[PDB]
Every structure is written in structure tokens, then in C-alpha cells.
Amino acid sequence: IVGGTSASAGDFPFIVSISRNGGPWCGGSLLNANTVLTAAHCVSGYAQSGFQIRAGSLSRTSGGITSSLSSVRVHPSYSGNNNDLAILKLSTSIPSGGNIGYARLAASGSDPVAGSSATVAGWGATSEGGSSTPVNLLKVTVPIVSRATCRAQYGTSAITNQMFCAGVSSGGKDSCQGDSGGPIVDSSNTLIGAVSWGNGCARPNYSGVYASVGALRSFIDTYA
């Protein structure tokens, strides 16, 4: 997260860190006791055994409850950056309670309204290309950018109806590498997307691009 502030305990009860080979890698969202939603690109085709989920902590490396993975399912239409969601099943079930909870999802067919406020969180870099990552979870609030504007930045074909965009024209507030797969919520803390891709991090006039939960609810609901 670029331009972020520390998340408080209980801000995102459903957020999980996803380590790979013992190191930082991405984020995700706990949907129920045995299911995490993350970005497909975080997991597709990689050795499953390399991943460890941690829930209930502001840190990636201690606290809370961990699990390995039992299975990985990418969206059936995942291609390039498009449809960038995956369902992970956990080897160890994680109960709600305390600072752990399960995500409430954006309604099927919803699309974040341009200008509305969204909050994204993760353990990724704090600058483009940064090599260090924070120990504790960061968050940042950015407005939704219209898809039309987003297509003017990236190209018409590049932004699909399964993506939405968020950021500030000036730059300086965004998700970044290591935040992929983690949650972006609306102002009510409902899960509206997963961190997916973008042109660098926090650049002027290149929004962050998010996999849209509202658009991808059929997949999520079928396999959660």
C-alpha cells in the first residue's frame, strides 16, 4: 500500500495474508471457515504447498490462525488480467470470533459508483518496486474511477466488465506489489474487489485495477 496508514485491530476481520515459500506474497479474504478469495494470478499454476494463509492478525508472520491449502480453483474464464479471482480451500478451518470474521460480499450485479470511496488493505510495498514490506497491515482510501476513464488510461479492451478502477488523478495512494488478492471494500466495509493489476503503483493517471466481486458473484457463490 502506497500512501497508507496502519489498519486497526478489527478493521478487516476477514483479511488474510498469503505467504509463499515463507515470504510475503499477497492477500486474500476469508469467505467462510474453509474458503479464501484471492486473485487468480497469486496462485494459478504455482505449487500449492508453498502457500500459507494467516487470519486474525495485523502481521503476516505471527498471531492469529494459520492454514495450508487443500485446493485452488481459478475463475473458469481467467485469461490475462481478466477474471482475476481464485477460490482457495483451507486444510485447517478457521472459526469466526474475536478479530476474525467472514466477508460480506458486494451484491451480484453491483458496480462501484465513480467517485464513491473505497478502502484497500495489504502488506505490499510502500513504493513502486520497493523491496521491503511492512510488518503490520496498511490501508488507504481512494475513490472509484469510472470504467470509461479507466479505459482511456489503459485502453478499451484492457478494462473489462469484470474489473473496476480506483485511485486519485494525482497519484500517491494505491495498492502495490504484494497487495494482490487482498480486499478492497466500500465505505460500509463490504467486499467489492480483490487487488489485481495496474501500471506501476500510485502513478498519476493510472488507476489501480481490481477484480470485481459484484461482477464475479456467480463463480464465488458456486464454489465458496
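Residue numbers here begin at 1 and follow the sequence given. Just so we're on the same page, rigid core means the largest C-alpha set that superposes within 1.5 Å between forms.
**Q** How do 89 to 97 and 126 to 134 compare in 8 other deposited structures of this protein: which one has C-alphas farther from this form after the rigid core is matched?
**A** It is 126 to 134 whose C-alphas lie farther from the shown form in 8 other deposited structures of this protein.
**Q** Name the higher of the two by mean Cα B-factor in the PDB entry, 126 to 134 versus 112 to 120.
**A** Per the PDB record, 126 to 134.
**Q** Take the C-alpha B-factors listed in the entry for 36 to 44 and for 62 to 70, compute each mean, and give the stretch with the larger one.
**A** Comparing 36 to 44 with 62 to 70, the higher mean C-alpha B-factor belongs to 62 to 70.
**Q** Just grab whichever of 189, 57, 29, 177 has the top CA B-factor as deposited.
**A** It is 177.
**Q** Report the option among 53, 163, 168, 185 whose CA atom has the maximum B-factor in the deposited record.
**A** So the option with the highest C-alpha B-factor is 168.
**Q** Mind checking which third residue 211 falls in for C-alpha B-factor across the chain?
**A** Lowest third.
**Q** Sorting the chain's modelled residues by C-alpha B-factor, tell me whether residue 198 ends up in the lowest, middle or highest third.
**A** Answer is middle: the recorded C-alpha B-factor places it there.
**Q** Ranking every modelled residue in this chain by its Cα temperature factor as given in the entry, which third contains residue 83?
**A** Tercile = lowest for this residue's CA B-factor.
**Q** Using the B-factor values recorded in the entry, state whether the Cα atom of residue 94 falls in the lowest, middle or highest third among the modelled residues of its chain.
**A** It belongs to the middle third of the chain when residues are ordered by C-alpha B-factor.
**Q** Which third of the chain holds residue 144 when residues are ordered by C-alpha B factor: lowest, middle or highest?
**A** Tercile = middle for this residue's CA B-factor.
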